[PDB]
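Everything on this sheet refers to the single structure shown next.
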Amino acid sequence: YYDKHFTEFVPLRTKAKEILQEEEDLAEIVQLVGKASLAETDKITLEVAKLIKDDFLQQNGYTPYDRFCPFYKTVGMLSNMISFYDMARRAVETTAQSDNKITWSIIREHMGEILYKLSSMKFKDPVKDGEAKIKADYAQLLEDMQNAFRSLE
Amino acid sequence: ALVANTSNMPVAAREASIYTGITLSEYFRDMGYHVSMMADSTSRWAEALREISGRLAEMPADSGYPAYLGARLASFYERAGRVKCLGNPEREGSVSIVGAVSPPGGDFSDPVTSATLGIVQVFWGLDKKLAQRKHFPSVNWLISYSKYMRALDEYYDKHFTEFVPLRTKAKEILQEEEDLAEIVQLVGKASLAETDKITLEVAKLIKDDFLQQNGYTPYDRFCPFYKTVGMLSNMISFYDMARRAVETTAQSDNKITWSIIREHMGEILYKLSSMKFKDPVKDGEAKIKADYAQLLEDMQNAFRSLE
Amino acid sequence: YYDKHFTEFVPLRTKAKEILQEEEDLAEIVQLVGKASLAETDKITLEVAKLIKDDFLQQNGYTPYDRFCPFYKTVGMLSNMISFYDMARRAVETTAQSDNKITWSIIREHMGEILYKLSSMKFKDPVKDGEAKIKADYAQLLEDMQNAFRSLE
Amino acid sequence: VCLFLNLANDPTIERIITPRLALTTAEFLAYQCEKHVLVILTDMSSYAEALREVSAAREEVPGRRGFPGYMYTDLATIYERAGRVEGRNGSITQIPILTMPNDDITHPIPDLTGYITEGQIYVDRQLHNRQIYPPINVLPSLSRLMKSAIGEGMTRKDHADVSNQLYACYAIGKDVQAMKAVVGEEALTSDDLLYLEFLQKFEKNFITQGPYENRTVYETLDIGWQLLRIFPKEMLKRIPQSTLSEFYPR
Amino acid sequence: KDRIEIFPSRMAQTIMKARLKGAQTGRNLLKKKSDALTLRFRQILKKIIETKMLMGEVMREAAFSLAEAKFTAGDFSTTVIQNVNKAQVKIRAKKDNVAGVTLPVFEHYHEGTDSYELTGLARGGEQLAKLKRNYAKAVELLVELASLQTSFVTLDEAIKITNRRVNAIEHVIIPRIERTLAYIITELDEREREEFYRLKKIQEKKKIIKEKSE
Amino acid sequence: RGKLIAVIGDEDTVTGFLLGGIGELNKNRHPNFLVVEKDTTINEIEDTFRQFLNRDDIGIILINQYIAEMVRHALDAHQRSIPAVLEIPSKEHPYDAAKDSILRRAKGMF
């Protein structure tokens with residue numbers, strides 16, 4: 001079914017599960033270490049995993065916007081969150097061995113508006129703002145991310 | 001009157017012993033007497049009760065005890081209290097219960113000790129570490145509590161007035177002494193406020209020459225209340241004077257410190273420690289109060305000489 | 001029985017049990033501190049206890065050489081390992097707090113061929129080889145060890 | 001010695017009366033014949049198993065961990081038939097000996113026993129594997145009546161003081177040994193080395209005895225002093241100066 | 001999370017008790033490691049407080065001695081600064097086995113290559129020679145002070161790392177073992193109860209069957 | 001052989017140590033020292049400080065306190081042990097005591 005109607009959904013589903021599992025694998029040891037031995041690639045995983053947990057997995061069912069989440073919106077906003085993961089992870093993987101490593105603190109300060117916009121993606125009210133506006137809005141966040149990365153790296 | 005039951009007595013007697021005692025207690029309660037009953041171990045009773053439930057093949061509940069354990073303990077303690085007696089003589093009396101608990105392992109999870117603590121209004125938690133240190137009575141202080149403090153406020157206000165703020169400050173000083181323990185361990189009283197040094201050293205004075213009592217000495221066999229409040233009043237009055245002496249002079253140029261206070265009026269600290277030796281058998285109420293009044297005056301003047 | 005026929009087994013048995021128990025207590029600390037601080041005697045106990053665990057208490061019962069180990073050989077093997085222990089312990093404690101302090105690193109480098117021979121005792125293969133020779137071979141190991149420690153001190 | 005042997009393959013009900021027959025004799029000998037009787041009840045855990053078998057024969061519903069709900073009073077019935085009585089010069093003491101299932105002191109058998117006895121001896125395993133006999137661990141043991149058992153007129157004046165100081169010294173030696181395993185020998189001071197010397201010689205000379213060497217109370221105390229004289233007087237904080245001046249030298 | 005999630009059993013109860021004893025021993029052994037490091041840290045920090053004070057007095061004397069050399073010589077500082085090639089003093093790293101932890105220390109090494117011998121300014125060789133010695137002594141003290149500080153470095157991190165592990169055992173790992181053990185104990189009593197219930201009904205049913213047969 | 005001691009300080013401070021026998025040129029003709037004069041700016045001190053911190057043959061660095069304040073941010077930024085940096089009183093500047101890197105690392109010290 002998913003391949004017939006969406007295609008993009010399945011690899012997004014897989015990546016989301018891997019991120020959540022890695023966060024749990026890290027949380028077990030981070031509780032004991034104190035976030036001292038974490039690599040920059042792990043700090044990105046931990047923070048994106050939080051992004052997914054707080055903005056994607058939870059929703060307030062007694063609101064005009066989270067009372068119903070049409071599937072196209074769920075996969076739409078997941079695509080952006082995973083796209084951020086891949087771009088943020090690439091940004092550090094290609095720079096960690098260079099003469100300036102893009103650590104979390106650099107991307108966090110540079111792209112703080114993207115992280116807030118990504119968290120706001122739930123507040124789309126599909127009844128007031130229909131499919132056309134939501135898809136266009138999500139596309140705009142994707143463009144904003146891609147442009148910020150080009151200026152960052 | 002005494003009721004004696006050893007572990008090899010018939011289980012009915014070991015279970016019934018606790019109710020036999022209180023029945024004897026109520027009998028005299030009805031005479032207008034004040035009766036004080038001690039149950040040597042309510043854990044031993046609970047064990048006897050569980051045995052009978054087992055013999056009767058009753059379904060066990062929490063940690064193997066009968067389902068009604070709590071109901072039996074609750075109805076036991078409810079029988080204590082001050083009452084207006086029956087009969088035209090319009091007499092009054094009371095029964096107190098000071099029953100002990102001794103759960104296997106020393107834990108507080110046993111339903112018998114947990115249920116007891118949810119019923120009794122005062123807990124005189126004792127400790128073994130204090131006994132090993134030869135500090136008696138062995139009272140834990142931080143665990144112990146009393147829920148009658150409000151009920152007795154009318155008596156204390158009517159007869160003694162200053163007792164209540166003194167016991168409040170005393171607990172605050174002792175608790176702060178515990179709270180400062182981590183700071184002292186990591187500092188050694190070097191990077192420490194002079195006001196905290198007062199708390200630590202005065203709290204020690206309280207622990208040594210007030211809360212500690214030596215019952216094998218003829219002068220300290222029994223401390224009348226008026227002496228207990230006298231001793232605490234002077235120690236707390238010293239505390240307040242020392243706090244003020246430092247705080248009002250701690251701005252700049254010429255300040256008072258604990259080293260100055262301790263060296264300057266060492267005779268006052270000695271006289272405060274000596275207060276427990278005022279034997280009520282030989283020194284009457286007026287003489288002991290008079291001597292305590294003199295220490296209070298000498299104490300305030302000792303600090304006055306520093307300002 | 002043991003005192004009538006062997007006279008050596010009872011005291012070897014006692015010492016062997018002492019070594020195995022001492023190793024268990026030292027093992028509890030090594031798992032925590034990583035051998036950061038050990039006495040030289042403790043280092044010997046750990047290594048001789050491993051010698052025992054691997055080359056005395058371990059055997060492949062489907063091999064001609066260990067399908068059945070006759071008692072004279074079992075006690076023979078232990079006799080040499082315990083003799084080694086006592087001589088290794090004497091050497092490091094006797095020269096302790098002096099100039100030419102002997103340590104395990106010196107003993108292991110000095111007489112490494114002795115540890116090889118001791119670890120090789122399981123392979124003497126009874127019945128295929130003779131009883132008289134196996135006893136004589138173990139006597140030779142004892143003479144070689146005694147000369148090794150004598151020349152070390 | 002009056003010896004009663006109930007063998008593993010003997011009737012299980014006979015195992016139940018065996019300790020009653022031993023105490024029945026002890027009561028006759030002690031209280032009617034004016035003498036002191038030591039009663040040793042070996043393997044009360046095997047008794048407890050025989051008691052469970054009798055309970056099953058009566059078709060009683062098992063209680064906690066399979067044992068009868070009356071196991072408590074049954075043990076007290078046996079144990080409490082001891083002590084001194086007014087007006088007679090006899091006495092009965094007991095040393096019940098109990099195997100701890102799975103080495104867990106929490107098990108109903110040692111738990112119900114200890115709850116109604118006065119302290120414990122406690123035989124360990126570490127001391128046994130280290131080839132120490134007897135393998136008795138002095139730190140977890142307790143005798144609640146020792147305070148009255150010993151002292152001038154009963155054993156020797158210094159008994160109480162030697163015991164308390166030896167206990168502290170052994171407890172400290174174990175604590176120092178734990179430290180040594182972490183910081184090494186070179187990180188220790190002279191006082192720590194004295195505690196290690198005591199620890200090693202305490203177990204070798206005082207605790208280790210052998211099955212056929214009979215050490216009387218006065219020899220045991222003298223051995224104690226031999227170990228205590230390892231330390232200078234100022235480190236023996238639990239022995240009053242009067243006791244030290246009398247016994248410490250020589 | 002809250003429990004180790006081992007299914008209630010007598011086997012699990014035994015394992016948890018052994019696991020708890022291990023955790024408690026580790027807590028105490030690491031606490032002793034921390035206490036030993038803390039004393040030395042306070043020993044080494046006390047040494048730094050003492051050493052720092054001495055450094056002041058020693059450097060003051062060297063500074064005055066330099067003024068004395070200048071008084072005679074005049075302006076030798078330019079020649080000394082320009083005429084530099086090889087060092088006479090060098091520092092070697094050494095290991096100090098403070099505990100299971102090893103601490104890096106500096107050790108003074110008098111390599112020996114000759115320093116510049118200068119009698120060019122007023123030929124004030126005696127004052128310059130005393131000046132060399134005064135600073136040479138200062139350097140050796142500073143080497144010890146540098147080790148002091150470096151030793152204090154490897155120690156502040158070692159204490160925080162050890163205390164963090166001890167705190168986790170106390171606040172995370174053992175509480176979790178105790179909750180697991182208490183959970184197991186409760187569940188085991190619950191299983192015991194349902195066995196009692198069934199046995200009671202079995203005994204009652206047997207009694208009922210017997211009465212019917214009579 | 002192993003490590004050199006670098007000195008960043010005033011004219012008399014450096015001169016004294018150089019006579020002390022410490023200090024030399026590397027194969028690149030670089031000196032493990034800097035003389036800080038009234039005309040020396042912050043970038044010059046900081047660049048020298050950094051190069052010593054990134055130079056694997058130095059280790060202990062000896063500096064004047066008044067300099068320690070001038071580029072103080074660089075002294076807390078580097079937390080290691082090879083680069084042990086010791087702060088000393090200059091000929092005229094007064095004796096150091098406050099703002100010691102170690103007294104800051106450990107806040108329990110006089």
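Chain identifiers are assigned as A, B, and so on, following the order in which chains appear in the structure tokens; residues are numbered from 1 within each chain, and ligands are numbered from 1 in order of appearance.
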So that I can check the surroundings of residue F:29, please list as a compact mmCIF listing (two decimals) with C-alpha atoms, in the first residue's frame every protein, DNA and RNA residue that reaches within 10 Å of it, counting only C-alpha atoms and ignoring chain neighbours fewer than 4 positions away.
# COMPACT_ATOMS: atom_id res chain seq x y z
CA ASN E 85 70.97 29.39 21.17
CA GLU F 24 66.56 28.18 23.31
CA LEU F 25 65.87 28.39 19.60
For this session: Report as number ranges by chain the set of chain C residues whose atoms approach chain E to within 12 Å, with distances computed over only C-alpha atoms.
Result: C: 25, 28-39
Exercise. Of the candidates F:17, F:52, F:66, F:33, which one gets nearest to residue F:93 if we count only C-alpha atoms?
Worked result: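 Checking each of F:17, F:52, F:66, F:33 against residue F:93, counting only C-alpha atoms, the winner is F:66.
The residues of chain B lying at most 10 Å from chain F, with only C-alpha atoms taken into account, are residues 186, 187, 188, 190 and 191 of chain B.
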Go through chain E residue by residue and, counting only C-alpha atoms, keep those with an atom at most 8 Å from chain F; for each kept residue give the shortest atom pair and its distance in Å to one decimal, ordered by chain and increasing number, as a tab-separated table.
residue	atom	partner	partner_atom	distance
E:45	CA	F:109	CA	7.2
E:46	CA	F:109	CA	7.9
E:49	CA	F:110	CA	7.6
E:56	CA	F:95	CA	6.5
E:59	CA	F:89	CA	7.6
E:60	CA	F:91	CA	7.6
E:62	CA	F:16	CA	8.0
E:63	CA	F:91	CA	5.8
E:64	CA	F:91	CA	8.0
E:66	CA	F:16	CA	6.9
E:77	CA	F:15	CA	5.7
E:80	CA	F:15	CA	6.5
E:81	CA	F:15	CA	6.3
E:84	CA	F:24	CA	6.0
E:85	CA	F:24	CA	5.0
E:86	CA	F:24	CA	4.6
E:87	CA	F:24	CA	5.0
E:88	CA	F:21	CA	4.8
E:89	CA	F:22	CA	5.2
E:90	CA	F:4	CA	5.4
E:91	CA	F:3	CA	5.0
E:92	CA	F:2	CA	5.0
E:93	CA	F:2	CA	7.0
E:111	CA	F:1	CA	7.4
E:115	CA	F:21	CA	5.5
E:116	CA	F:19	CA	7.5
E:131	CA	F:16	CA	7.3
E:132	CA	F:20	CA	4.8
E:133	CA	F:20	CA	6.9
E:134	CA	F:20	CA	7.9
E:135	CA	F:20	CA	5.2
E:136	CA	F:20	CA	4.7
E:139	CA	F:20	CA	7.6
E:142	CA	F:86	CA	7.6
E:143	CA	F:60	CA	7.9
E:145	CA	F:86	CA	7.8
E:146	CA	F:84	CA	5.6
E:147	CA	F:84	CA	7.7
E:149	CA	F:84	CA	6.8
E:150	CA	F:81	CA	4.9
E:151	CA	F:81	CA	7.9
E:153	CA	F:81	CA	6.1
E:154	CA	F:81	CA	7.2
Exercise. Tell me, which residues of stretch 1-169 of chain D carry DSSP helix (DSSP H, G or I), written as a PyMOL selection string?
Worked result: chain D and resi 12-32+44-57+64-66+71-79+101-103+108-114+126-129+146-149+159-169
Keeping only C-alpha atoms, write the selected residues to a file as a PDB file, in the first residue's frame.
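Wrote it out as out20.pdb, contents follow:
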ATOM      1  CA  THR D  12      10.731 -38.533  60.409  1.00  0.00           C
ATOM      2  CA  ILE D  13       8.399 -38.472  63.416  1.00  0.00           C
ATOM      3  CA  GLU D  14      11.211 -39.784  65.613  1.00  0.00           C
ATOM      4  CA  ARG D  15      13.272 -36.861  64.501  1.00  0.00           C
ATOM      5  CA  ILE D  16      10.608 -34.607  66.043  1.00  0.00           C
ATOM      6  CA  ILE D  17      10.743 -36.162  69.526  1.00  0.00           C
ATOM      7  CA  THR D  18      14.513 -36.514  69.450  1.00  0.00           C
ATOM      8  CA  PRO D  19      15.086 -32.878  70.537  1.00  0.00           C
ATOM      9  CA  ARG D  20      12.293 -33.255  73.075  1.00  0.00           C
ATOM     10  CA  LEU D  21      13.957 -36.337  74.573  1.00  0.00           C
ATOM     11  CA  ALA D  22      17.274 -34.493  74.738  1.00  0.00           C
ATOM     12  CA  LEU D  23      15.687 -31.575  76.575  1.00  0.00           C
ATOM     13  CA  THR D  24      13.587 -33.901  78.721  1.00  0.00           C
ATOM     14  CA  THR D  25      16.833 -35.459  79.909  1.00  0.00           C
ATOM     15  CA  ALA D  26      18.439 -32.026  80.222  1.00  0.00           C
ATOM     16  CA  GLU D  27      15.586 -30.823  82.451  1.00  0.00           C
ATOM     17  CA  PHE D  28      15.885 -33.886  84.663  1.00  0.00           C
ATOM     18  CA  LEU D  29      19.673 -33.567  84.954  1.00  0.00           C
ATOM     19  CA  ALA D  30      19.717 -29.784  85.315  1.00  0.00           C
ATOM     20  CA  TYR D  31      16.827 -28.964  87.605  1.00  0.00           C
ATOM     21  CA  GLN D  32      16.358 -32.149  89.619  1.00  0.00           C
ATOM     22  CA  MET D  44      17.488 -27.833  63.374  1.00  0.00           C
ATOM     23  CA  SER D  45      16.923 -27.305  59.681  1.00  0.00           C
ATOM     24  CA  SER D  46      16.466 -31.081  59.308  1.00  0.00           C
ATOM     25  CA  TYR D  47      14.043 -30.961  62.218  1.00  0.00           C
ATOM     26  CA  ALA D  48      12.066 -28.232  60.458  1.00  0.00           C
ATOM     27  CA  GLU D  49      11.775 -30.440  57.377  1.00  0.00           C
ATOM     28  CA  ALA D  50      10.538 -33.338  59.500  1.00  0.00           C
ATOM     29  CA  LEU D  51       7.985 -30.986  61.073  1.00  0.00           C
ATOM     30  CA  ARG D  52       6.681 -30.021  57.638  1.00  0.00           C
ATOM     31  CA  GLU D  53       6.258 -33.711  56.857  1.00  0.00           C
ATOM     32  CA  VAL D  54       4.146 -34.213  59.986  1.00  0.00           C
ATOM     33  CA  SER D  55       1.998 -31.207  59.051  1.00  0.00           C
ATOM     34  CA  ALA D  56       1.345 -32.722  55.632  1.00  0.00           C
ATOM     35  CA  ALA D  57       0.324 -35.988  57.304  1.00  0.00           C
ATOM     36  CA  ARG D  64       4.924 -19.274  54.603  1.00  0.00           C
ATOM     37  CA  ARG D  65       7.493 -21.055  52.343  1.00  0.00           C
ATOM     38  CA  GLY D  66       5.670 -24.377  52.906  1.00  0.00           C
ATOM     39  CA  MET D  71       6.516 -23.213  63.291  1.00  0.00           C
ATOM     40  CA  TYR D  72       7.177 -20.160  65.459  1.00  0.00           C
ATOM     41  CA  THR D  73       5.731 -21.585  68.665  1.00  0.00           C
ATOM     42  CA  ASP D  74       7.145 -25.045  67.960  1.00  0.00           C
ATOM     43  CA  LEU D  75      10.692 -23.682  67.875  1.00  0.00           C
ATOM     44  CA  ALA D  76      10.020 -21.637  71.005  1.00  0.00           C
ATOM     45  CA  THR D  77       8.623 -24.752  72.692  1.00  0.00           C
ATOM     46  CA  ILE D  78      11.988 -26.437  72.145  1.00  0.00           C
ATOM     47  CA  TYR D  79      14.309 -23.464  72.558  1.00  0.00           C
ATOM     48  CA  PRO D 101      19.040 -22.788  52.968  1.00  0.00           C
ATOM     49  CA  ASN D 102      20.717 -21.127  49.979  1.00  0.00           C
ATOM     50  CA  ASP D 103      22.869 -19.271  52.554  1.00  0.00           C
ATOM     51  CA  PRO D 108      12.114 -18.671  57.729  1.00  0.00           C
ATOM     52  CA  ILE D 109      14.302 -21.252  59.475  1.00  0.00           C
ATOM     53  CA  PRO D 110      17.180 -18.957  60.581  1.00  0.00           C
ATOM     54  CA  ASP D 111      14.813 -15.978  60.701  1.00  0.00           C
ATOM     55  CA  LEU D 112      12.286 -17.561  63.048  1.00  0.00           C
ATOM     56  CA  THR D 113      15.131 -19.010  65.111  1.00  0.00           C
ATOM     57  CA  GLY D 114      17.146 -15.807  65.479  1.00  0.00           C
ATOM     58  CA  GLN D 126      35.142 -17.097  53.014  1.00  0.00           C
ATOM     59  CA  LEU D 127      37.070 -18.091  56.140  1.00  0.00           C
ATOM     60  CA  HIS D 128      36.528 -21.756  55.286  1.00  0.00           C
ATOM     61  CA  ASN D 129      37.705 -21.426  51.692  1.00  0.00           C
ATOM     62  CA  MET D 146      28.272 -11.378  77.098  1.00  0.00           C
ATOM     63  CA  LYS D 147      28.050  -8.201  79.201  1.00  0.00           C
ATOM     64  CA  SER D 148      26.957 -10.344  82.143  1.00  0.00           C
ATOM     65  CA  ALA D 149      28.927 -13.492  81.286  1.00  0.00           C
ATOM     66  CA  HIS D 159      37.810  -9.611  79.663  1.00  0.00           C
ATOM     67  CA  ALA D 160      35.321  -6.960  78.537  1.00  0.00           C
ATOM     68  CA  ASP D 161      38.019  -4.475  77.557  1.00  0.00           C
ATOM     69  CA  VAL D 162      40.080  -6.950  75.527  1.00  0.00           C
ATOM     70  CA  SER D 163      37.028  -8.078  73.564  1.00  0.00           C
ATOM     71  CA  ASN D 164      35.921  -4.563  72.625  1.00  0.00           C
ATOM     72  CA  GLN D 165      39.394  -3.494  71.514  1.00  0.00           C
ATOM     73  CA  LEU D 166      39.998  -6.657  69.493  1.00  0.00           C
ATOM     74  CA  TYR D 167      36.665  -6.243  67.711  1.00  0.00           C
ATOM     75  CA  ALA D 168      37.478  -2.663  66.736  1.00  0.00           C
ATOM     76  CA  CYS D 169      40.982  -3.644  65.640  1.00  0.00           C
TER      77      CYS D 169
END
For this session: Give me the residues within 9 Å of residue A:93 as a list in words, counting only C-alpha atoms and dropping any in the same chain fewer than 4 places off.
Result: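 Returned residues: residues 40, 41, 88, 89, 97, 101 and 102 of chain A.
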For the residues in the current selection, export N, CA and C atoms as a short mmCIF file (atom, residue, chain, number, x, y, z; two decimals), in the first residue's frame.
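Output file again16.cif is given in full below:
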data_model
loop_
_atom_site.label_atom_id
_atom_site.label_comp_id
_atom_site.auth_asym_id
_atom_site.auth_seq_id
_atom_site.Cartn_x
_atom_site.Cartn_y
_atom_site.Cartn_z
N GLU A 40 29.95 14.46 18.60
CA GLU A 40 29.06 15.41 17.95
C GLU A 40 27.98 14.74 17.14
N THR A 41 28.24 13.59 16.52
CA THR A 41 27.22 12.84 15.81
C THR A 41 26.17 12.28 16.75
N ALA A 88 21.92 17.66 9.08
CA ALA A 88 22.72 18.01 10.25
C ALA A 88 23.81 16.97 10.50
N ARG A 89 23.49 15.69 10.33
CA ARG A 89 24.49 14.65 10.51
C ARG A 89 25.57 14.74 9.45
N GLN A 97 36.74 16.38 10.66
CA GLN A 97 38.17 16.22 10.43
C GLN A 97 38.81 17.40 9.72
N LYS A 101 34.92 22.26 12.87
CA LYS A 101 33.92 21.19 12.95
C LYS A 101 32.61 21.86 13.31
N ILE A 102 31.55 21.51 12.58
CA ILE A 102 30.23 22.06 12.89
C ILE A 102 29.61 21.26 14.02
#
Would you write out, as CSV, a table of all residues in chain B that have an atom no more than 8 Å from an atom of chain D, listing for each the closest atom pair and the distance in Å to one decimal, considering only C-alpha atoms and ordering rows by chain and rising residue number?
residue,atom,partner,partner_atom,distance
B:7,CA,D:76,CA,5.8
B:8,CA,D:76,CA,4.8
B:11,CA,D:73,CA,7.3
B:50,CA,D:69,CA,7.7
B:51,CA,D:69,CA,5.4
B:52,CA,D:69,CA,7.9
B:54,CA,D:69,CA,4.7
B:55,CA,D:69,CA,6.1
B:57,CA,D:61,CA,6.8
B:64,CA,D:64,CA,7.1
B:104,CA,D:115,CA,7.0
The selected residues should be written to file as a CSV table (one decimal), in the first residue's frame (atoms: C-alpha atoms).
chain,number,residue,atom,x,y,z
B,7,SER,CA,7.8,-16.9,73.4
B,8,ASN,CA,6.9,-20.5,74.5
B,11,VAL,CA,-0.3,-18.6,71.5
B,50,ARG,CA,-0.4,-14.5,62.6
B,51,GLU,CA,0.1,-17.9,64.2
B,52,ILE,CA,-3.5,-18.2,65.2
B,54,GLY,CA,-2.5,-19.8,60.3
B,55,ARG,CA,-3.9,-22.5,62.7
B,57,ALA,CA,-6.3,-21.7,57.9
B,64,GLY,CA,1.7,-13.1,55.5
B,104,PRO,CA,12.4,-8.5,62.0
For this session: May I ask you to extract the residues of chain E within 10 Å of chain B, using only C-alpha atoms, and to give them as a list in words?
Result: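 So the contacting residues turn out to be residues 38, 185, 186, 189, 190, 192, 193, 194, 196, 197 and 200 of chain E.
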All strand (DSSP E) residues (DSSP, backbone) inside chain F, as a CSV table (one decimal) with N, CA and C atoms, in the first residue's frame:
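Done, and the output landed in part-v9.csv:
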chain,number,residue,atom,x,y,z
F,5,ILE,N,60.7,25.1,28.9
F,5,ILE,CA,59.9,26.0,29.6
F,5,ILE,C,59.8,27.3,28.9
F,6,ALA,N,58.6,27.8,28.5
F,6,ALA,CA,58.4,29.0,27.8
F,6,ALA,C,58.2,30.1,28.8
F,7,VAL,N,58.7,31.3,28.4
F,7,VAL,CA,58.5,32.5,29.3
F,7,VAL,C,58.0,33.7,28.5
F,8,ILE,N,56.9,34.2,29.0
F,8,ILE,CA,56.3,35.4,28.4
F,8,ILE,C,56.2,36.4,29.6
F,9,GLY,N,57.0,37.5,29.5
F,9,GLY,CA,57.2,38.4,30.6
F,9,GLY,C,58.0,39.6,30.2
F,33,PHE,N,60.2,32.2,24.0
F,33,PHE,CA,60.0,33.3,25.0
F,33,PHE,C,59.5,34.6,24.2
F,34,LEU,N,58.9,35.5,25.0
F,34,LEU,CA,58.5,36.8,24.5
F,34,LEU,C,58.8,37.8,25.5
F,35,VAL,N,59.4,38.9,25.1
F,35,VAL,CA,59.6,40.0,26.0
F,35,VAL,C,58.4,41.0,25.7
F,60,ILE,N,55.6,23.7,30.4
F,60,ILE,CA,55.4,24.7,31.5
F,60,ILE,C,55.5,26.0,30.8
F,61,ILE,N,54.6,26.9,31.1
F,61,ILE,CA,54.9,28.3,30.6
F,61,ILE,C,54.9,29.1,31.9
F,62,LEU,N,55.8,30.1,31.9
F,62,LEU,CA,56.0,31.0,33.0
F,62,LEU,C,55.6,32.4,32.5
F,63,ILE,N,54.6,33.0,33.1
F,63,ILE,CA,54.1,34.3,32.7
F,63,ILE,C,54.0,35.3,33.9
F,64,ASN,N,54.0,36.6,33.6
F,64,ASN,CA,53.7,37.6,34.6
F,64,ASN,C,52.2,37.6,34.9
F,85,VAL,N,50.7,26.5,33.6
F,85,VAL,CA,51.1,27.9,33.4
F,85,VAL,C,51.2,28.4,34.8
F,86,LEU,N,52.4,28.9,35.0
F,86,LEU,CA,52.6,29.5,36.4
F,86,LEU,C,52.7,31.0,36.2
F,87,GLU,N,52.1,31.7,37.1
F,87,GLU,CA,51.9,33.2,37.2
F,87,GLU,C,52.9,33.7,38.2
F,88,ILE,N,53.8,34.6,37.8
F,88,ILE,CA,54.7,35.2,38.8
F,88,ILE,C,54.7,36.7,38.7
For this session: Determine, counting only C-alpha atoms, which protein, DNA and RNA residues have an atom within 10 Å of an atom of residue D:170; residues of the same chain fewer than 5 positions away are not included. Present the result as a count of residues only.
Result: 12
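Put simply, atom CA of residue A:48 is 17.1 Å away from atom CA of residue A:148.
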For this session: With a distance cut-off of 12 Å and only C-alpha atoms, select the neighbouring residues of residue B:276, excluding the residue or stretch itself and same-chain residues fewer than 6 positions from it, and output the selection as a PyMOL selection string.
Result: chain B and resi 205-206+208-215+217-224+227-232+234-235+270+288+291-292
So that each row is one residue of chain D with an atom at most 7 Å from chain C, can you give its shortest atom pair and the distance in Å to one decimal, using only C-alpha atoms, rows by chain and rising number, as a tab-separated table?
residue	atom	partner	partner_atom	distance
D:129	CA	C:21	CA	6.1
D:130	CA	C:18	CA	4.9
D:131	CA	C:18	CA	6.5
D:181	CA	C:29	CA	6.9
D:182	CA	C:37	CA	6.4
D:183	CA	C:37	CA	6.3
D:184	CA	C:37	CA	5.3
